[PDB]
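Please read the structure below before turning to the comments.
There are 2 protein chains.
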Amino acid sequence: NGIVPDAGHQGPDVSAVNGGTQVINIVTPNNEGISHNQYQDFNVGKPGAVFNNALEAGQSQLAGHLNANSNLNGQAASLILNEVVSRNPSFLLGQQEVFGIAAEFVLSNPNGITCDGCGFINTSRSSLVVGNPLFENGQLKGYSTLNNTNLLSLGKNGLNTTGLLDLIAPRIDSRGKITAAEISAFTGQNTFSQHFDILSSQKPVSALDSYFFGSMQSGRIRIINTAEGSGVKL
Amino acid sequence: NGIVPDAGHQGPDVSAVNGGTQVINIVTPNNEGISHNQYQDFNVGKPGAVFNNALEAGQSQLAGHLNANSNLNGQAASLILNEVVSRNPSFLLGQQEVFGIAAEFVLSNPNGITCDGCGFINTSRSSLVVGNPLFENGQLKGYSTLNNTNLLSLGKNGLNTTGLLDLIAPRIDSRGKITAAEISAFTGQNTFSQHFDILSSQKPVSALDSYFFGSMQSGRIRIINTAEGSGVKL
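First to last, the sequence lines map onto chains A and A'. A prime marks a further copy of an entry chain. So in the entry's author numbering, spot 188 of the first sequence is number 217, and the numbers just go up one at a time. So in the entry's author numbering, spot 12 of the second sequence is number 41, and the numbers just go up one at a time.
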């Protein structure tokens, strides 16, 4: 299993079905509508991974027939926040599907994230964050890439989604086709709001250079690099 | 002379001084604060070109001492709009300076614009438009790249400015370093407001692909391609 949940109260049940497809019964959403899931490992292979945000049974694209997620207590998650709480980087080599009600989707891993032929299904917005979520008394306040020089890598097989895409990291190295409704890439050492407004920035001690190679198939692309002196190479 | 003014009432006086530096005494601004200058040819070499938007004499960076521009009638231009009204494409191989009061600067040429080691001095915003300005009863209404498949090219020697930069064309092919406070690149066949809000778009009959190669030295980059199906290659 590529995805290994944390042992604690934010660890969802993760099961393998079929020929290796992972099914994640995400944890009960809080009052903000956030399903906050914590992981020791978060990796996706070509069989893909399905996050059950369904209030009634049905057919998933990647895992066939699934029952409803009864953790949801009749209310689907608005945001599925997946947080790696170990030192293990993430490798995403297949599709990630939200089964049931469309939601916003976040993966945070301050140790690094690599995408190569990964994608997102039934998400309104998907965000990859090489950094940590920020909490105050149980409430999500935003995200941080402070004190971090690690990499978001996008491989030759690219990344695809029909929804919005955010790429958030100290630096980004992309070598493949990125397909999305909109692409927002924010680089450097920053604190963010929940909506990825930049609230503060550090100047890195050494250059944090990002590289984008290959096509971007999107009608709207924004690249913001706050590392003063550092550049974006295309 | 690389810059040749139109014979008509929007043709400014253009003089060569020194070792080839061109000095353009821009035409009297209208009530909108726009100095609308029309040209048979608009090309800049390494000696550069200076647009006199000065209310009093002084030292220009590119052309040494210049007197005030008495066409200004005591009011400097807010926008210096340079429009090529012939079929000749533009080649910009040196710096363009606004002498005197800082202003917004536009070059429109629907036949194509090539930059290679060009730059902009004392401009708050500089825009290169492979397209035409739109007028209604003498008033600037915006810009158009409709019915146009021509190219904005940026060469290996790049483009530099301390101000904002807009790159507007059916397609863009960039091979060098672009340095600016912010970079906005809008591609495809579009109509624009004066502030380059996209108001309408055509689908080209064949793909209008843009290519960005090399660094972008800017903290904020926006790329908007309205040609449905067409991509942006980095």
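The beta carbon of each residue, even a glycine, is placed where N, CA and C say it ideally should be.
Proximity of residue i and residue j at Cβ, strictly below 8 Å
| i | j | result |
| --- | --- | --- |
| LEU157/A' | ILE142/A' | yes |
| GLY129/A | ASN81/A | yes |
| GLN69/A | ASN117/A | yes |
| residue 13/A | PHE242/A | Past the boundaries of the shown model lies residue 13/A; chain A is included only from 30 to 263, so the question cannot be answered. |
| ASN72/A' | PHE120/A' | yes |
| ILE55/A | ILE109/A | yes |
| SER230/A' | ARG200/A' | no |
| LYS262/A | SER107/A' | no |
Whole-angstrom distance between residue j and residue i, CA atom to CA atom
| i | j | result |
| --- | --- | --- |
| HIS65/A | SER115/A | 15 Å |
| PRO162/A' | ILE207/A' | 24 Å |
| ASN179/A' | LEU183/A | 32 Å |
| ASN59/A' | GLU165/A' | 14 Å |
| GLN90/A | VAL127/A | 9 Å |
| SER247/A | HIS94/A' | 48 Å |
| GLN223/A' | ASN138/A | 43 Å |
| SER235/A' | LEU136/A' | 26 Å |
| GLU61/A' | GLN168/A' | 8 Å |
| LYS185/A' | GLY205/A' | 4 Å |
| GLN51/A' | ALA83/A' | 16 Å |
| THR152/A' | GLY87/A' | 17 Å |
| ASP35/A' | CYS147/A' | 23 Å |
| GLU257/A | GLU85/A | 50 Å |
| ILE63/A' | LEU228/A | 37 Å |
| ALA198/A | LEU181/A | 6 Å |
| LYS232/A | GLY187/A | 30 Å |
| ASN140/A' | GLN67/A' | 14 Å |
| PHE225/A | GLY49/A | 34 Å |
| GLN39/A' | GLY74/A' | 23 Å |
Test: residue i CB closer than 8 Å to a CB of chain C
| i | result |
| --- | --- |
| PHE242/A' | Among the protein chains of the structure shown, namely A and A', there is no chain C. |
Residue nearest to residue i in terms of C-alpha spacing, selected from the options
| i | options | result |
| --- | --- | --- |
| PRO76/A' | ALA198/A', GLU133/A' and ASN47/A' | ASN47/A' |
| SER99/A | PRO41/A, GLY171/A and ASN189/A | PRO41/A |
| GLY37/A' | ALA92/A', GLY49/A', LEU181/A' and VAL113/A' | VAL113/A' |
| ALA210/A | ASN189/A, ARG200/A, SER44/A and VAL52/A | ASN189/A |
| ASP145/A | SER153/A, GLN125/A and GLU133/A | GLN125/A |
| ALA45/A' | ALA78/A', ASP226/A' and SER153/A' | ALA78/A' |
| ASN102/A' | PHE134/A', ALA86/A', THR57/A' and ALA131/A' | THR57/A' |
| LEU237/A' | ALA198/A', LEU181/A', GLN104/A' and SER259/A' | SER259/A' |
| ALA105/A' | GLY87/A', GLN88/A' and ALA132/A' | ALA132/A' |
| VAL43/A | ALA92/A, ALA86/A and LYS170/A | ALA92/A |
Integer Cβ distance of residue i from residue j, believed to fall under 8 Å
| i | j | result |
| --- | --- | --- |
| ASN111/A | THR174/A | With 8 Å as the limit, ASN111/A and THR174/A do not qualify as a contact, their Cβ atoms being about 17 Å apart. |
| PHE221/A | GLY171/A | 5 Å |
Practice prompt. Assess, as a yes-or-no matter, whether the region 191–202 of chain A' is touched by the region 143–157 of chain A' under the definition of 3 or more beta carbon pairs within less than 8 Å.
Written response: Short answer: they touch.
Worksheet item: Are three or more beta carbon pairs between the region 250–257 of chain A' and the region 198–218 of chain A' nearer than 8 Å?
Response: Touching, yes.
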